[PDB]
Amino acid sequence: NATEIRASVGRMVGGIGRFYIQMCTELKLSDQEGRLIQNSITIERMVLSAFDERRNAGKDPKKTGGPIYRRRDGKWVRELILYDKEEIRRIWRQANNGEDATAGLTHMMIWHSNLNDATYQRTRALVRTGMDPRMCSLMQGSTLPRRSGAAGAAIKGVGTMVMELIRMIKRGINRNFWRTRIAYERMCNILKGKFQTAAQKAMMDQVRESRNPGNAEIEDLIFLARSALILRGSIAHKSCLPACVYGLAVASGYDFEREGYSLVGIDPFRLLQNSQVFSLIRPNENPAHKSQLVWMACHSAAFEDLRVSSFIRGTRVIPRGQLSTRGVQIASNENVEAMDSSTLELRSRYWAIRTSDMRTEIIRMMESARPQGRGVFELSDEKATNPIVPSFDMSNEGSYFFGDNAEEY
């Protein structure tokens, strides 16, 4: 539909906020405790593990949980929880009208992935697979589990698909290619669908079913990955919010079902405008930098040009190597009592809606190609009626990954 799809997506996010409100009722988190992004990632992690049918030593397999952070005596304190995977399954179905609602689970998953894309470096994995560190710019979706289906695969960058393909060929060079090969060609046709020139499509045809793929196909997958540095694929960008934001909205009395919801329009921008989200800050960490990290993760903007990202946001989105923060998630061995909460700035000034024969053609179309965001509107402008003229500083570095110093995933 146009709206029938908007009812389904609204029923899904509605589901996620209902699930969050009730698990905050049953973990006894105050309002402030419910608005901490750390608490919300733990509940997201628990409900994802509860429904991990494929993955279900001294650890109970019917139990899940994680770190929860609570206000006691004027400080934050790490309190660990354990919950039956069956009881979280029942609470999730209770909050979705008895439905499995796998689409809400993949939604939370896409949010985790985009958060990881904005936060963690993957250079070490890129080198050990034969790819260049420059291809960091194409590593969207690289952290997605293999249980995210088509939704997961739509947001995977050309680099992600090339990396998983190199690794599968790497493990076939070891004569163990019997019956696991339609899996190989489905991910080849998924990367095929991601290319946007008949030349790269044709080369991805040649890569598909060579009966015995090895280092010759690996070098083809590297040629087509550098090919996507100039002639870019078309990958989906799903704006997925942490559970605590749908949570607060459903608490507020916002009806996602009858109002509808789209990940592509202004809905995510509008909800983030009225967000109250908190984050634990490590000592010597800039809370605005942590805010840009979360902001860029909620709009899957880690691969977009920073000048386009700064225009939309109203404040400058600096490269990752110039941030004074590390991840959102707090490790088990960090002193939580040394840390304090800071409101995350997540608002935006504007919103938006944005040696072979096939090797000679691509080289030509790379030499040929000449190297901004024109779907940018004011948040008063509910319809896409009056686009806004972009204002960048062209001197500013385009890439989020220029001079990256981020910790490896």
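All residue numbers refer to positions in the sequence shown, first residue = 1.
*Asks:* Are any deposited residues left out of the model between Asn174 and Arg175, and how many (none, 1 to 3, 4 to 9, 10 or more)?
*Replies:* According to the record, 1 to 3 deposited residues lack coordinates from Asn174 to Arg175.
*Asks:* If you count the residues of the deposited sequence that sit between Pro371 and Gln372 but have no coordinates, do you get none, 1 to 3, 4 to 9, or 10 or more?
*Replies:* The entry has 4 to 9 unmodelled residues between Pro371 and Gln372.
*Asks:* Look over 57-65 and 44-52 in the entry and identify the one with the greater average Cα temperature factor.
*Replies:* 57-65 has the higher mean C-alpha B-factor.
*Asks:* Mean CA B-factor: is it higher for 372-380 or for 345-353?
*Replies:* According to the PDB entry, the answer is 372-380.
*Asks:* In terms of recorded Cα temperature factor, pick the maximum from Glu164, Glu209, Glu86, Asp305.
*Replies:* Answer for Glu164, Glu209, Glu86, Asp305: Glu209, with the highest C-alpha B-factor.
*Asks:* Taking the Cα B-factors listed in the entry, which of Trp111, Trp92, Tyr254, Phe269 comes out highest?
*Replies:* Highest CA B-factor of the listed options: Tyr254.
*Asks:* Relative to the other modelled residues of the same chain, rank the CA B-factor of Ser399 and answer lowest, middle or highest third.
*Replies:* It belongs to the lowest third of the chain when residues are ordered by C-alpha B-factor.
*Asks:* Quick check on the deposited entry: does the C-alpha B-factor of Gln32 sit in the lowest, middle or highest third of its chain?
*Replies:* It falls in the middle third of the chain.
*Asks:* Looking at the temperature factor on the CA atom of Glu285, which third of the chain's modelled residues does it land in?
*Replies:* Lowest third.
*Asks:* Quick one: classify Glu185 as lowest, middle or highest third of the chain based on its Cα B-factor.
*Replies:* Highest third, going by the recorded CA B-factors of the chain.
*Asks:* Place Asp117 in the lowest, middle or highest third of its chain's C-alpha B-factors, as listed in the PDB entry.
*Replies:* For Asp117, whose C-alpha B-factor we compare with every modelled residue in the chain, the answer is the lowest third.
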